[PDB]
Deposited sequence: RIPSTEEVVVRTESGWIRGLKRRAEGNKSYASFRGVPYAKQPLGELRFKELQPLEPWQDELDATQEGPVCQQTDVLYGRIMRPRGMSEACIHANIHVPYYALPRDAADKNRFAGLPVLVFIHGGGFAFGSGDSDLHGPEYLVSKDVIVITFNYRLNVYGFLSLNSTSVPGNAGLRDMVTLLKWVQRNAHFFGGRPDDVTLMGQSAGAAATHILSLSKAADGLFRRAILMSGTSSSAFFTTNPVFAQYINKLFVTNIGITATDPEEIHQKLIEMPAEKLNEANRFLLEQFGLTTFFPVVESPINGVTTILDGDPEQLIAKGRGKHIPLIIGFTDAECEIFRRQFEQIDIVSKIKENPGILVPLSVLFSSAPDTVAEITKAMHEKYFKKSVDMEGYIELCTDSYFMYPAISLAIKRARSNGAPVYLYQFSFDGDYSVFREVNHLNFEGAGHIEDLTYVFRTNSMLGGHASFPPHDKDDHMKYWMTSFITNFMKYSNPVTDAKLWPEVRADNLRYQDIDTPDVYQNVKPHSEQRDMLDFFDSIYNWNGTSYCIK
């Protein structure tokens, strides 16, 4: 019932739990991977862990990083919220735990960089850990805590991404203790999580922390956000303003923030949440700064152009109807109204802050005319968001990568319309196809919503998909290929783009993109190099 293991900084006691079927795994949750960013540490890079004595309780996840969840609703059930959220959770096939190795999976959770967690409410390791692999999830600093940017020495920006690097390093040292191979770590993420993963993959400061990666609906340059420096300044100076600060010196603004109570910050960020919908702060291209681990030293797009991350083989995913999943919140913020008021919302934040005055204008035009003929309306935006924020970015990445003489790349389109869909349930949705985050649910067990359901062996259609999806994930992390028959799901070829169409459990098929998809590509290409 109580399992014990040693880690570099001390002993920890996890729990022996059940995976699908009879399978069992040791599970250590809430383990600290660094000093908690609590005082003068709130926004600064994570400090090393003072060692501890006795056995650290790694029975369950710890609290969740300060945030305001404008999306998950009851799907996520945090055991509390605190700035002392920097913990990871490690799950391992019981038989594999050393007592004097396995491939490991590090997962970065989505939530627009502003909310979410690495908890098992949404991230159940049950399916995965049933495939002979170690699963590692964790929390990183969110919204203002992890992405504030003062282009200063104390807050150069990207603290959130640094937390990931800190944890990937912690994994390198501690992998063996769990019976895992640090030489075979696979990084995965979805949404902001996937975008962060892609970004790390371009960071020379993350070299050697993982052998390959999985991008589930997210990329370093996906349009749903921006790494633009001007924008950072804007939103930041807009926060400090709204928050009552008046100081101007980078450091002084900092101190005031350091001494500000959590709640005052949470309210001030929830202010921006109202203004932008589902995100607030973001990663930024940073300037070199004194004694600073530069996570991002350039525009992702230009970095990629020079093959800056082409040696990390990866799986690039995206769903059928990505943004159908957001309808409920699109209404709450009333995007239709917002669009009428800000016709630039249709334009990638990255272009608005980069392109030239007349340029923007014309694009702003083009975009509007493109999805809104008779009237600015919901479905029109949902189309926009899906293509622009997910589908386009994914395919454009598959293509660009396949023609840079780099590592392999596998592209997929999740279109499976499950019998049971947690997110449509919680939000009362109704649409065809697969919306954003759903493929993630056939790889992780949504423990906060399932019951005592048994998924493996599969019997219903849905569990069969669970089996198939989690198999692509473990094969990749085992053989750097999502399939055991190289021809069932071929690497991406530039001369012939095709994606594995995930739709029916146990049926392979790489197909070309539909007409619209091709049209969307061209359209979006012309727009991006206008």
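- Going by the record, the unmodelled stretches of the deposited sequence, in order, are 1-5, 106-113, 544-551.
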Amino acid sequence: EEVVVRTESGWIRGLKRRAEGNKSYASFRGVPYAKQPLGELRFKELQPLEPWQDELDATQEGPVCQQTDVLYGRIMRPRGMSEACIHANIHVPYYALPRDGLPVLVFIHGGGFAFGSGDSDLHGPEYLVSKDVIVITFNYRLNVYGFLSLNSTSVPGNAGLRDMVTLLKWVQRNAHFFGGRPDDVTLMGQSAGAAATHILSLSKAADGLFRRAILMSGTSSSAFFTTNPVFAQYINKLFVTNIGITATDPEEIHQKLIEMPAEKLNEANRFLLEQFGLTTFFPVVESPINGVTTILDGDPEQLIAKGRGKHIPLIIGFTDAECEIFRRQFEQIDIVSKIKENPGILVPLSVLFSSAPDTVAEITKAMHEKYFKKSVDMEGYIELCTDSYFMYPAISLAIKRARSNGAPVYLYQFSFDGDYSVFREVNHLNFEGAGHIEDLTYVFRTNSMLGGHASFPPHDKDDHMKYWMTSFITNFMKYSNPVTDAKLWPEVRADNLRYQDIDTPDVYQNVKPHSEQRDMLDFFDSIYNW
From here on, numbers count along this sequence of modelled residues.
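- When 447-455 is weighed against 352-360, 352-360 comes out higher, by mean CA B-factor as recorded in the entry.
- The question of which stretch, 379-387 or 111-119, has the higher mean Cα B factor is settled in favour of 379-387.
- In this entry, the residue among 227, 233, 203, 139 with the greatest C-alpha B factor is 233.
- The residue among 70, 477, 34, 494 whose C-alpha carries the highest B-factor in the deposited model is 494.
- The deposited CA B-factor of residue 481 belongs to the lowest third of values across its chain.
- Residue 472: CA B factor lies in the lowest third for its chain, per the PDB record.
- In the deposited entry, the Cα temperature factor of residue 245 places it in the highest third of its chain's modelled residues.
- In this PDB entry, the Cα temperature factor of residue 258 sits in the top third of its chain's modelled residues, the highest group.
- Among the modelled residues of its chain, residue 370 has a C-alpha B-factor that falls in the highest third according to the deposited record.
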